[PDB]
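The structure under discussion appears below in the form of structure tokens.
Number of protein chains: 2
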Amino acid sequence: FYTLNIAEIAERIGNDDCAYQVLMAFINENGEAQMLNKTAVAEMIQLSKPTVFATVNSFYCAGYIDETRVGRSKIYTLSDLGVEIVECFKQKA
Amino acid sequence: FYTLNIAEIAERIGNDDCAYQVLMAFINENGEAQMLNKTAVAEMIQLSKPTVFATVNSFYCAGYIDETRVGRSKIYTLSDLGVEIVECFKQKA
Numbered sequence: 006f007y008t009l010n011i012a013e014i015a016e017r018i019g020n021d022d023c024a025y026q027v028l029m030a031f032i033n034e035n036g037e038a039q040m041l042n043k044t045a046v047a048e049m050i051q052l053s054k055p056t057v058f059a060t061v062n063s064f065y066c067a068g069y070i071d072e073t074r075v076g077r078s079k080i081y082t083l084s085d086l087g088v089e090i091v092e093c094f095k096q097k098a
Numbered sequence: 006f007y008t009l010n011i012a013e014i015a016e017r018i019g020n021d022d023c024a025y026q027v028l029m030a031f032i033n034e035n036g037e038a039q040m041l042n043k044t045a046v047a048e049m050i051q052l053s054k055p056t057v058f059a060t061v062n063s064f065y066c067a068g069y070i071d072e073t074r075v076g077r078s079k080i081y082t083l084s085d086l087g088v089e090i091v092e093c094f095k096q097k098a
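What follows is the structure in structure tokens.
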């Protein structure tokens with residue numbers, strides 16, 4: 006339905022500390038994408054649960070992270086869109 | 006760069022109270038899209054500033070709302086993408 010420029014998105018995220026760290030949390034010590042529950046993310050970055058959780062929620066809405074039911078809770082991984090956004094940043098650095 | 010299905014997004018937002026209300030806040034009494042600062046939104050919906058603000062920020066990242074500098078602060082309006090998402094909901098109702 007709608008075409009998306011991945012460079013603008015990455016540009017926007019880069020200008021917003023919380024979005025940026027929420028995104029990068031899913032990338033591990035060896036550069037590999039990983040699974041995380043909401044609590045892990047909030048613990049990993051130094052921002053409050055409300056901030057981090059709301060960001061996680063919106064990023065799943067945006068389709069940047071995936072949600073999958075696991076136990077009676079949920080886990081988050083970067084979507085293919087998520088991984089592509091992360092790539093723009095890696096190239097900068 | 007990336008194609009987007011507007012129905013899935015709307016589906017995701019509809020399953021998340023905060024995202025949904027943050028989005029609809031921009032639609033006024035007469036059905037018209039309107040401008041809002043971050044404070045207006047948080048005051049309008051009954052959720053905490055941290056939740057609402059983080060959601061606003063991520064929605065601008067996603068390209069659902071636009072940011073424009075005004076005074077030395079910012080204001081938010083739905084993008085064309087934002088308006089299209091709102092339309093799916095209007096059709097449901």
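These protein sequences, in sequence, are chains A and A'. A prime marks a further copy of an entry chain.
Counted from 1, the first sequence has number 75 at position 70 by the authors' numbering; the numbering is strictly sequential.
Counted from 1, the second sequence has number 26 at position 21 by the authors' numbering; the numbering is strictly sequential.
In this text, a Cβ means the ideal position worked out from N, Cα and C, and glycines have one as well.
- The Cβ of residue 7 of chain A' sits closer than 8 Å to at least one Cβ of chain A.
- Straight-line spacing of the CA atoms in residue 59 of chain A and residue 35 of chain A' works out to 29 Å.
- Across the structure, residue 10 of chain A and residue 33 of chain A are spaced so that their CA atoms are roughly 26 Å apart.
- For residue 13 of chain A', the uninterrupted alpha helix (DSSP H) segment begins and ends at 11 to 18.
- Around residue 68 of chain A', the same chain offers 84 and 86 as residues with beta carbons nearer than 7 Å, after the five sequence neighbours per side are excluded.
- The Cβ atoms of residue 50 of chain A' and residue 24 of chain A' do not sit closer than 8 Å to each other.
- Beta-bridge pairing by DSSP links residue 70 of chain A' to A'/83.
- Bridge pairing for residue 78 of chain A: A/75 [DSSP].
- Relative to residue 65 of chain A', the option among A/16, A/40 and A/42 whose CA is nearest is A/16.
- Collapsing the DSSP output to three states places residue 59 of chain A in a helix.
- Among the CB atoms of chain A, one or more fall inside 8 Å of the CB of residue 17 of chain A'.
- At least one CB atom of chain A sits nearer than 8 Å to the CB of residue 53 of chain A'.
- In the DSSP assignment, residue 29 of chain A falls within the unbroken alpha helix (DSSP H) covering 22 to 30.
- Neighbours of residue 21 of chain A across chain A', judged by C-beta separation under 7 Å: 62 and 66.
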